[PDB]
Amino acid sequence: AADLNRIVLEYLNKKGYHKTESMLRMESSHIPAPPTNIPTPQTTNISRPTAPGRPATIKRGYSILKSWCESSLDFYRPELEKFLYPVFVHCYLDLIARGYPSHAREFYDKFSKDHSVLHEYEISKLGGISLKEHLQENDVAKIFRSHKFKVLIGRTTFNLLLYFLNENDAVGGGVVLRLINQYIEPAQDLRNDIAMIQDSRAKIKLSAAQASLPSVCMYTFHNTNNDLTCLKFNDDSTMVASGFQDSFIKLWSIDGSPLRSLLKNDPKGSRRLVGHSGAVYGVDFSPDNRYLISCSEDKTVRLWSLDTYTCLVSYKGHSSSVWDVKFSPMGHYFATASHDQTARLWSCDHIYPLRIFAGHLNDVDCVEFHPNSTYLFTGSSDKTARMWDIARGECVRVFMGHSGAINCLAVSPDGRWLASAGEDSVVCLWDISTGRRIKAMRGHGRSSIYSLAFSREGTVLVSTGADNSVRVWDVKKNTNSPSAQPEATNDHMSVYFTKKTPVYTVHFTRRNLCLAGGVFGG
Amino acid sequence: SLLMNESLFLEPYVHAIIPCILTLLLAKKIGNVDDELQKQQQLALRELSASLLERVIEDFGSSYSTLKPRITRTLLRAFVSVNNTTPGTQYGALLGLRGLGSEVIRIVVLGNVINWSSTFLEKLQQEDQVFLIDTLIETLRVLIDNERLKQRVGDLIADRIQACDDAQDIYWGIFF
Amino acid sequence: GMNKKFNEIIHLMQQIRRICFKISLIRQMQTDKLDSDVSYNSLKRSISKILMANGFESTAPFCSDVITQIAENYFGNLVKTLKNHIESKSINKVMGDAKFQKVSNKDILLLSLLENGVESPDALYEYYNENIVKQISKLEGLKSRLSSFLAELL
Amino acid sequence: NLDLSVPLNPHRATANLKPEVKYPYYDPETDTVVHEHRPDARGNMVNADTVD
Amino acid sequence: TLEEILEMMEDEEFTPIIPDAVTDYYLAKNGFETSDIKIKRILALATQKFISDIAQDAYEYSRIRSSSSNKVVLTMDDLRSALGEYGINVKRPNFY
Amino acid sequence: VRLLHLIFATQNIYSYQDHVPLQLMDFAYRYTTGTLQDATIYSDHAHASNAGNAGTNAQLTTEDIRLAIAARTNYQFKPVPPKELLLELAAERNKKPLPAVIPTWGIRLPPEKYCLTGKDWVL
Amino acid sequence: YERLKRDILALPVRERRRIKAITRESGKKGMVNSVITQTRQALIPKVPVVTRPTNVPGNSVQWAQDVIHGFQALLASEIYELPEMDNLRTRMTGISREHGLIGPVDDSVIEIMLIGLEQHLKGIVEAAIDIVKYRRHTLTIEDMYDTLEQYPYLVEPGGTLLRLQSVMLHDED
Amino acid sequence: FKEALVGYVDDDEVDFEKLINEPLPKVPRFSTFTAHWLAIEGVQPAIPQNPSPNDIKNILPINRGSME
Amino acid sequence: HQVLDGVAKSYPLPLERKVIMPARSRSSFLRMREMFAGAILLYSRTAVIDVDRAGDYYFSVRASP
């Protein structure tokens, strides 16, 4: 303990670019991060799919307008139908003047079929115009912008409407309200309403969002003779895929049997995937959810479609069994873990790996990506955990403890927190900056912990184990955000036991509830 | 609002929120004096509640089977009873059943509308009733006695059989 | 199932002629989706139906399990060969932009056969005729022994 | 003591703004179509550099 | 030749002892699907032939064991020898 | 063997199937047979065999066994973690840049003729 | 079961032998079992320096100039051809002194070694040729990786196969 | 693991001497899943497929903790 | 009884372990090493093995500056 301080301080004494001043700052690896916030889509805009090495918000605002309306009540259709077309032509004029005339043309003839039953000559009016000076010569739009357009509408409808376009100023609410207070007013009233939203911020908007004990729905898989390693659930919670131990992948459909190809051939709701040699140990889905990835022990990684239920690609850069394969949070890039004591990060277009990461004195059991998608967390049977820069290759941080192996890892959405689950049966919550576990949740008897997960907003996590039990844990009992909410060890809200079933996974849905998967029945 | 949320699970509480919508949508007013707004928007409020009901049944029609059953039974029991003591409650029943489906109306409700058309005596809300029912059978046209009455005129075929009280004849003269 | 039928005829002739051999010794010395276990045991059945040589399942059981596992490995080695050639990701394989497959779909098969065991195709024709000739050869050998023993017992 | 641990929202961890796509479509004539990037190397072409 | 060999597998005149279902399972295990029947019967056939070869190895190596010029049993010595003569590895069982 | 259960107890695995001890003991027998066989060959080699030159007398010290085992682990028996090899090798891979491109919200596949097109295989 | 298991183990007379195996074995100057020291000690060059209590024959003093000379050779894989005798001899002396022998290699070893080498490589390339064509072609890297997936008994693992799975570059680069 | 004695070794295997086999394996059901409901809003129903408080009888190192 | 549980702390070992180390890596390393060693300051950091009593697994070091 103190010997480590002695030896590392002597080391840093020998490192000539480590003086006594900054060596002590080096010993400030025990102050953690501040409590930070989640980027709501109120202020912070979206980002584009890119690389880890360092327009059409108008289109997305109009998509908001055409989505939020049709999803509304039936009473409010006969009035917002006329709120559709004028703002469409307004935003089209805005963009075609902004400097993207090609984009203007494309989303014009894409969204020219918006109000074709009302307006008949206006599509010909605006179809014979391509260039900006072709607008400056065109006169109908000039007289259009000269005067304003009348709009018949009630009060509370526009109130709630604006109160929907205040929460989403990320992919476009500001431009549309700006164009409105410019032209119609059926941003001065807009500014007063923004101040009203800020008044809602004062005690009308929820502050803490404290803990919330979860619902559950279980999925026990009968009749398998223990020939079954992994499960995995979907994104919109419609499918559950299980990887067997004889090169088989048996897609299941929740709520019906719509699993039919789009073709003319291939004429219930369970789809089996072949194309493998050895047992399957990990499976992962595409967040666009028309593809699927599946690793094995035959050093293959493989890609499947989901509109034909068919392979497309094979991948091979690994020298030994691949345990878990996980996508990026955005798509395009996926990663694998193996028994070759190394991990490879893939793309999907190129067939051989891009980067190889090597820091483990034993097998890399699990792999995961931090929510920015520029980091990877490997965990191993060497009783250690590691972090990597996908571009760099080499290990930014290492976490050590946990007498025993590791099996599963998780990341809390906000970027402070990773979960270590292992044969030791003690869940450990780690802080990336500190490198020292913030909490050491104790429970779960004396059995391996196979899977776990966090909330939508980091308020709560869930473990899931082989002691035939699931265990909801609060997480903010002693952290930098000590939410307590008062009336073996603590940080343990509740335990739900099962009918002699070892459990294998979870998937928090969008909503309150979890969704589980286990085996063995009784 | 609570139903446009996305972080809320609302299976456990449908069978406790239904009564509010129904006791409001019927709106059996012991008073409701004439005030120039007793019905100028009360009809609209009943309509909003009916559309809300349509949303609720369309959403949670999978985790329960007894709900839409119970809702349909409650409303029709409160419907046919001649002691509505006000037209507005029956109007709410009519416009809520309107935004339900296609078939449970025409199986049972034709005889009962004939019944309380024999009973009722109004001048103007009867006109609104028969005209919104004309549009009703019009949206039932593309998907029978009312079938011929909407497709064809039904001159003394569906009228002499299915119409009576000199009220459905007014709507038949209004349109086919 | 003509292959099954002829192996069965071998089986029947073996049963009867070995029975006759044994009693003749006695008289001389007087003076669909399917699963793993069903697949395994079906293969064991087929195996012990191969064994005209010794006696059909007339050996210790460890050897039956041995043989089952070995033939499983061999079949897997076949398919691991063909699918490896088919993925290939090499210019020698891989459909050319001008639809020029340096080696068409059949040379793949012939080649995967060649890599594992079998040398040429017609060795299978050969083993087939060899089988049916083994039938009549052992037939007539033990039938001549039968006739000579029918003469000897007199 | 300088790591960059900071998230940002995708279109996947919220709702009401899931985008559209048109590469994995279904033609009426042809079966389906996909997105597959573009090299310049063709078939039966020169393999690589010299043997030295 | 070769083309006769896939003229013949299709009809019932030559249907390997290995049933179609079992080979379908073992195709699927090692990862191969195709809606042809020839190829599967063919891998069936080659495997049949290979096991026949170890069969004859066992038969002859049993025939050497005594009296060149209580019935037959294919024991662990016969198997130890034939499997060894292949590339199949050493069988050194034991007791105690 | 009961002692094999005793050895299982060291790793917290008290859930065996009772075929494992037979199998691992069979294995160790096979292994040590081969080992002290080729070590005997090497003990002959120090005793300077050919088609009749001298006798064959056995001592079998530990050095011969060490030789007979190092040859086996020359091609077997997963060795110490070869970290340095992997570090340098991966630095050689971890050298050339990422593509730094935008497929614009989909999946980017390899080009056809590297994709598989998993049709029904046919001649 | 554990208590009953130990009792049954005591039922055998080997309970005494079981009772004696409490110490730490390898009663020597040591047998380390770590990793990093195995590596380092298996990385630096050694030197066969000798004692001389009464007489250590050999009539040729031990040197480690030879080990430096051996590690400095233009070994294969830089050049494009299999090494001619002299290079191989210079490399061997280094290894022999580095392991703890003495005396010069005697000019017949090199030739038998070259012989075995070229036999090895002819076997490998015959395998790849048996892959590509069944019966004007030209061979690639992927075919050799295919055949070293099929037949790995040829090459001893380590060093090169890992290096082989880090040279499979994509077309554009 | 049959016994044998010599003037002990405790080894013998008497599982042999077969001549013919003609048994057929029986296929089990496919792997199908059984959903239920568990843990609505913290409370665990015992009416559907769940346990009662019988883990008080479990081995106390195993299945530890109970807060609810 | 428990005496045997306390005694059963064998910690077995092997005889020999392999180390995957090719010629090329160590050769480049050693080459560049002795280059810098002769440039800045045999004199490098080397092992020392005796012709006798070898076959052991770790050896001492000269550590000559």
# chains A, B, ... in the order shown; residues from 1 in each chain; ligands from 1
$ residues_around --residues "residue 18 in chain G" --least-positions-apart "3" --cutoff "8 Å" --atoms "only C-alpha atoms" --output "PyMOL selection string"
(chain G and resi 14-15+21) or (chain I and resi 4+7-8)
$ write_last_selection --atoms "N, CA, C and O atoms" --output "mmCIF file, in the first residue's frame"
data_model
loop_
_atom_site.group_PDB
_atom_site.id
_atom_site.type_symbol
_atom_site.label_atom_id
_atom_site.label_comp_id
_atom_site.auth_asym_id
_atom_site.auth_seq_id
_atom_site.Cartn_x
_atom_site.Cartn_y
_atom_site.Cartn_z
ATOM 1 N N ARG G 14 -2.441 -43.505 2.622
ATOM 2 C CA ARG G 14 -1.724 -42.343 2.118
ATOM 3 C C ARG G 14 -2.107 -41.050 2.827
ATOM 4 O O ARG G 14 -1.699 -39.976 2.374
ATOM 5 N N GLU G 15 -2.888 -41.116 3.909
ATOM 6 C CA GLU G 15 -3.111 -39.930 4.726
ATOM 7 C C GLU G 15 -1.801 -39.370 5.257
ATOM 8 O O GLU G 15 -1.659 -38.151 5.394
ATOM 9 N N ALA G 21 2.777 -33.041 2.672
ATOM 10 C CA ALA G 21 2.901 -32.129 1.536
ATOM 11 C C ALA G 21 2.327 -30.752 1.872
ATOM 12 O O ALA G 21 1.479 -30.206 1.168
ATOM 13 N N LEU I 4 -5.405 -31.854 7.272
ATOM 14 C CA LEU I 4 -5.136 -32.136 5.869
ATOM 15 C C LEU I 4 -5.610 -31.026 4.948
ATOM 16 O O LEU I 4 -4.994 -30.804 3.900
ATOM 17 N N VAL I 7 -2.905 -28.608 5.178
ATOM 18 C CA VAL I 7 -1.687 -29.086 4.530
ATOM 19 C C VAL I 7 -1.811 -28.989 3.014
ATOM 20 O O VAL I 7 -0.824 -28.732 2.315
ATOM 21 N N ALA I 8 -3.015 -29.183 2.478
ATOM 22 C CA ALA I 8 -3.179 -29.231 1.030
ATOM 23 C C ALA I 8 -3.026 -27.846 0.420
ATOM 24 O O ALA I 8 -4.008 -27.226 0.003
#
$ residues_around --residues "residue 122 in chain B" --least-positions-apart "5" --cutoff "10 Å" --atoms "only C-alpha atoms" --output "list in words"
residues 87, 117 and 127 of chain B
$ closest_atom_pairs --of "chain C" --to "chain G" --cutoff "12 Å" --atoms "only C-alpha atoms" --output "Markdown table"
| residue | atom | partner | partner_atom | distance |
| --- | --- | --- | --- | --- |
| C:77 | CA | G:150 | CA | 9.0 |
| C:78 | CA | G:150 | CA | 10.7 |
| C:79 | CA | G:150 | CA | 11.7 |
| C:80 | CA | G:150 | CA | 8.7 |
| C:81 | CA | G:150 | CA | 7.5 |
| C:82 | CA | G:150 | CA | 11.1 |
| C:83 | CA | G:146 | CA | 11.2 |
| C:84 | CA | G:146 | CA | 7.4 |
| C:85 | CA | G:146 | CA | 8.1 |
| C:86 | CA | G:146 | CA | 11.2 |
| C:87 | CA | G:146 | CA | 10.2 |
| C:88 | CA | G:142 | CA | 7.5 |
| C:89 | CA | G:142 | CA | 7.3 |
| C:90 | CA | G:142 | CA | 5.8 |
| C:91 | CA | G:140 | CA | 7.8 |
| C:92 | CA | G:132 | CA | 7.1 |
| C:93 | CA | G:132 | CA | 8.4 |
| C:94 | CA | G:142 | CA | 11.9 |
| C:102 | CA | G:137 | CA | 8.4 |
| C:103 | CA | G:133 | CA | 7.9 |
| C:104 | CA | G:134 | CA | 11.0 |
| C:106 | CA | G:134 | CA | 10.3 |
| C:107 | CA | G:134 | CA | 6.5 |
| C:108 | CA | G:134 | CA | 8.2 |
| C:109 | CA | G:134 | CA | 9.8 |
| C:110 | CA | G:134 | CA | 7.4 |
| C:111 | CA | G:134 | CA | 5.6 |
| C:112 | CA | G:131 | CA | 8.5 |
| C:113 | CA | G:134 | CA | 10.3 |
| C:114 | CA | G:134 | CA | 8.2 |
| C:115 | CA | G:130 | CA | 7.5 |
| C:116 | CA | G:150 | CA | 9.9 |
| C:119 | CA | G:134 | CA | 10.8 |
| C:120 | CA | G:134 | CA | 10.3 |
$ residues_around --residues "range 99-104 of chain B" --least-positions-apart "5" --cutoff "10 Å" --atoms "only C-alpha atoms" --output "mmCIF file with C-alpha atoms, in the first residue's frame"
data_model
loop_
_atom_site.group_PDB
_atom_site.id
_atom_site.type_symbol
_atom_site.label_atom_id
_atom_site.label_comp_id
_atom_site.auth_asym_id
_atom_site.auth_seq_id
_atom_site.Cartn_x
_atom_site.Cartn_y
_atom_site.Cartn_z
ATOM 1 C CA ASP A 74 -58.450 13.567 -33.667
ATOM 2 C CA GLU B 47 -65.953 15.325 -27.986
ATOM 3 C CA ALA B 50 -64.405 10.825 -26.615
ATOM 4 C CA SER B 51 -61.268 11.218 -28.727
ATOM 5 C CA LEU B 53 -61.169 7.465 -25.053
ATOM 6 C CA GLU B 54 -60.479 6.338 -28.604
ATOM 7 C CA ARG B 55 -56.772 6.833 -27.916
ATOM 8 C CA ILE B 57 -58.718 1.875 -26.124
ATOM 9 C CA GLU B 58 -56.490 1.869 -29.206
ATOM 10 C CA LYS B 68 -63.159 -2.303 -24.246
ATOM 11 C CA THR B 72 -68.814 -0.641 -24.371
ATOM 12 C CA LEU B 94 -73.507 8.965 -29.546
ATOM 13 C CA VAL B 109 -78.602 0.710 -31.855
ATOM 14 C CA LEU B 136 -71.892 8.051 -39.804
ATOM 15 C CA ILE B 137 -73.695 5.726 -42.199
ATOM 16 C CA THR B 139 -68.458 6.264 -43.443
ATOM 17 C CA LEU B 140 -70.144 2.854 -43.013
ATOM 18 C CA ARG B 141 -71.036 2.816 -46.729
ATOM 19 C CA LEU B 143 -67.544 -1.191 -45.611
#
$ atom_distance --atom1 "CA of residue 86 in chain B" --atom2 "CA of residue 161 in chain B"
28.5 Å
$ interface_residues --of "chain E" --to "chain A" --cutoff "7 Å" --atoms "only C-alpha atoms" --output "list in words"
residues 28, 29, 30, 31 and 32 of chain E
$ closest_residue --among "E:83, E:72, E:54, E:18" --to "residue 57 in chain C" --atoms "only C-alpha atoms"
E:72
$ decode --residues "range 15-40 of chain I" --atoms "N, CA, C and O atoms" --output "PDB file, in the first residue's frame"
ATOM      1  N   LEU I  15       8.102 -27.972 -15.149  1.00  0.00           N
ATOM      2  CA  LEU I  15       9.553 -27.988 -15.288  1.00  0.00           C
ATOM      3  C   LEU I  15      10.039 -26.839 -16.161  1.00  0.00           C
ATOM      4  O   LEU I  15      10.889 -26.052 -15.739  1.00  0.00           O
ATOM      5  N   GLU I  16       9.510 -26.734 -17.377  1.00  0.00           N
ATOM      6  CA  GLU I  16       9.940 -25.740 -18.347  1.00  0.00           C
ATOM      7  C   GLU I  16       8.732 -25.070 -18.968  1.00  0.00           C
ATOM      8  O   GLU I  16       7.698 -25.711 -19.175  1.00  0.00           O
ATOM      9  N   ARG I  17       8.875 -23.786 -19.270  1.00  0.00           N
ATOM     10  CA  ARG I  17       7.884 -23.025 -20.006  1.00  0.00           C
ATOM     11  C   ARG I  17       8.508 -22.497 -21.285  1.00  0.00           C
ATOM     12  O   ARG I  17       9.698 -22.173 -21.319  1.00  0.00           O
ATOM     13  N   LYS I  18       7.697 -22.414 -22.332  1.00  0.00           N
ATOM     14  CA  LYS I  18       8.109 -21.745 -23.551  1.00  0.00           C
ATOM     15  C   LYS I  18       7.878 -20.251 -23.411  1.00  0.00           C
ATOM     16  O   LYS I  18       7.072 -19.805 -22.592  1.00  0.00           O
ATOM     17  N   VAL I  19       8.603 -19.480 -24.210  1.00  0.00           N
ATOM     18  CA  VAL I  19       8.393 -18.050 -24.328  1.00  0.00           C
ATOM     19  C   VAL I  19       8.388 -17.722 -25.807  1.00  0.00           C
ATOM     20  O   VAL I  19       9.397 -17.912 -26.495  1.00  0.00           O
ATOM     21  N   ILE I  20       7.257 -17.227 -26.295  1.00  0.00           N
ATOM     22  CA  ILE I  20       7.134 -16.882 -27.704  1.00  0.00           C
ATOM     23  C   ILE I  20       7.936 -15.609 -27.923  1.00  0.00           C
ATOM     24  O   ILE I  20       7.507 -14.518 -27.538  1.00  0.00           O
ATOM     25  N   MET I  21       9.102 -15.753 -28.525  1.00  0.00           N
ATOM     26  CA  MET I  21       9.977 -14.633 -28.819  1.00  0.00           C
ATOM     27  C   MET I  21      10.700 -14.905 -30.131  1.00  0.00           C
ATOM     28  O   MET I  21      11.628 -15.722 -30.153  1.00  0.00           O
ATOM     29  N   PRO I  22      10.332 -14.260 -31.232  1.00  0.00           N
ATOM     30  CA  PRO I  22      11.004 -14.547 -32.495  1.00  0.00           C
ATOM     31  C   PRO I  22      12.410 -13.980 -32.506  1.00  0.00           C
ATOM     32  O   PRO I  22      12.879 -13.359 -31.552  1.00  0.00           O
ATOM     33  N   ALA I  23      13.084 -14.206 -33.627  1.00  0.00           N
ATOM     34  CA  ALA I  23      14.426 -13.678 -33.799  1.00  0.00           C
ATOM     35  C   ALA I  23      14.396 -12.196 -34.123  1.00  0.00           C
ATOM     36  O   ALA I  23      15.247 -11.435 -33.655  1.00  0.00           O
ATOM     37  N   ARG I  24      13.420 -11.772 -34.921  1.00  0.00           N
ATOM     38  CA  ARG I  24      13.433 -10.424 -35.476  1.00  0.00           C
ATOM     39  C   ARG I  24      13.263  -9.369 -34.393  1.00  0.00           C
ATOM     40  O   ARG I  24      14.014  -8.384 -34.352  1.00  0.00           O
ATOM     41  N   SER I  25      12.270  -9.548 -33.522  1.00  0.00           N
ATOM     42  CA  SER I  25      11.992  -8.560 -32.487  1.00  0.00           C
ATOM     43  C   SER I  25      13.197  -8.377 -31.578  1.00  0.00           C
ATOM     44  O   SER I  25      13.707  -7.258 -31.416  1.00  0.00           O
ATOM     45  N   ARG I  26      13.682  -9.471 -30.997  1.00  0.00           N
ATOM     46  CA  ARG I  26      14.805  -9.381 -30.085  1.00  0.00           C
ATOM     47  C   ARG I  26      16.062  -8.923 -30.798  1.00  0.00           C
ATOM     48  O   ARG I  26      16.898  -8.260 -30.184  1.00  0.00           O
ATOM     49  N   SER I  27      16.193  -9.223 -32.084  1.00  0.00           N
ATOM     50  CA  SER I  27      17.379  -8.818 -32.818  1.00  0.00           C
ATOM     51  C   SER I  27      17.408  -7.316 -33.027  1.00  0.00           C
ATOM     52  O   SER I  27      18.430  -6.675 -32.765  1.00  0.00           O
ATOM     53  N   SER I  28      16.298  -6.738 -33.485  1.00  0.00           N
ATOM     54  CA  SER I  28      16.222  -5.287 -33.609  1.00  0.00           C
ATOM     55  C   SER I  28      16.425  -4.613 -32.262  1.00  0.00           C
ATOM     56  O   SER I  28      17.155  -3.616 -32.158  1.00  0.00           O
ATOM     57  N   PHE I  29      15.788  -5.155 -31.218  1.00  0.00           N
ATOM     58  CA  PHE I  29      15.932  -4.599 -29.879  1.00  0.00           C
ATOM     59  C   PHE I  29      17.389  -4.600 -29.442  1.00  0.00           C
ATOM     60  O   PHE I  29      17.932  -3.558 -29.067  1.00  0.00           O
ATOM     61  N   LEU I  30      18.035  -5.761 -29.486  1.00  0.00           N
ATOM     62  CA  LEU I  30      19.414  -5.884 -29.048  1.00  0.00           C
ATOM     63  C   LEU I  30      20.353  -5.026 -29.880  1.00  0.00           C
ATOM     64  O   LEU I  30      21.308  -4.445 -29.346  1.00  0.00           O
ATOM     65  N   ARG I  31      20.083  -4.977 -31.185  1.00  0.00           N
ATOM     66  CA  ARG I  31      20.924  -4.181 -32.108  1.00  0.00           C
ATOM     67  C   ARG I  31      20.874  -2.722 -31.657  1.00  0.00           C
ATOM     68  O   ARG I  31      21.929  -2.194 -31.268  1.00  0.00           O
ATOM     69  N   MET I  32      19.693  -2.108 -31.679  1.00  0.00           N
ATOM     70  CA  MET I  32      19.543  -0.714 -31.271  1.00  0.00           C
ATOM     71  C   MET I  32      20.067  -0.489 -29.852  1.00  0.00           C
ATOM     72  O   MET I  32      20.646   0.568 -29.554  1.00  0.00           O
ATOM     73  N   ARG I  33      19.903  -1.489 -28.986  1.00  0.00           N
ATOM     74  CA  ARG I  33      20.377  -1.399 -27.613  1.00  0.00           C
ATOM     75  C   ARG I  33      21.876  -1.192 -27.567  1.00  0.00           C
ATOM     76  O   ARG I  33      22.353  -0.225 -26.969  1.00  0.00           O
ATOM     77  N   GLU I  34      22.635  -2.102 -28.171  1.00  0.00           N
ATOM     78  CA  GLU I  34      24.080  -2.000 -28.087  1.00  0.00           C
ATOM     79  C   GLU I  34      24.587  -0.795 -28.862  1.00  0.00           C
ATOM     80  O   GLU I  34      25.623  -0.229 -28.496  1.00  0.00           O
ATOM     81  N   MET I  35      23.857  -0.365 -29.895  1.00  0.00           N
ATOM     82  CA  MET I  35      24.185   0.894 -30.552  1.00  0.00           C
ATOM     83  C   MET I  35      24.178   2.046 -29.554  1.00  0.00           C
ATOM     84  O   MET I  35      25.201   2.717 -29.348  1.00  0.00           O
ATOM     85  N   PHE I  36      23.034   2.276 -28.906  1.00  0.00           N
ATOM     86  CA  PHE I  36      22.952   3.364 -27.936  1.00  0.00           C
ATOM     87  C   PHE I  36      23.926   3.164 -26.779  1.00  0.00           C
ATOM     88  O   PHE I  36      24.470   4.140 -26.251  1.00  0.00           O
ATOM     89  N   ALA I  37      24.166   1.913 -26.389  1.00  0.00           N
ATOM     90  CA  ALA I  37      25.035   1.641 -25.252  1.00  0.00           C
ATOM     91  C   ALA I  37      26.466   2.034 -25.559  1.00  0.00           C
ATOM     92  O   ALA I  37      27.142   2.649 -24.726  1.00  0.00           O
ATOM     93  N   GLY I  38      26.948   1.686 -26.750  1.00  0.00           N
ATOM     94  CA  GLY I  38      28.264   2.125 -27.153  1.00  0.00           C
ATOM     95  C   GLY I  38      28.333   3.604 -27.447  1.00  0.00           C
ATOM     96  O   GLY I  38      29.424   4.182 -27.410  1.00  0.00           O
ATOM     97  N   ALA I  39      27.193   4.234 -27.729  1.00  0.00           N
ATOM     98  CA  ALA I  39      27.211   5.650 -28.068  1.00  0.00           C
ATOM     99  C   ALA I  39      27.246   6.560 -26.842  1.00  0.00           C
ATOM    100  O   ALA I  39      28.017   7.523 -26.809  1.00  0.00           O
ATOM    101  N   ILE I  40      26.427   6.277 -25.831  1.00  0.00           N
ATOM    102  CA  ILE I  40      26.273   7.211 -24.717  1.00  0.00           C
ATOM    103  C   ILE I  40      27.452   7.118 -23.756  1.00  0.00           C
ATOM    104  O   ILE I  40      28.167   8.100 -23.528  1.00  0.00           O
TER     105      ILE I  40
END
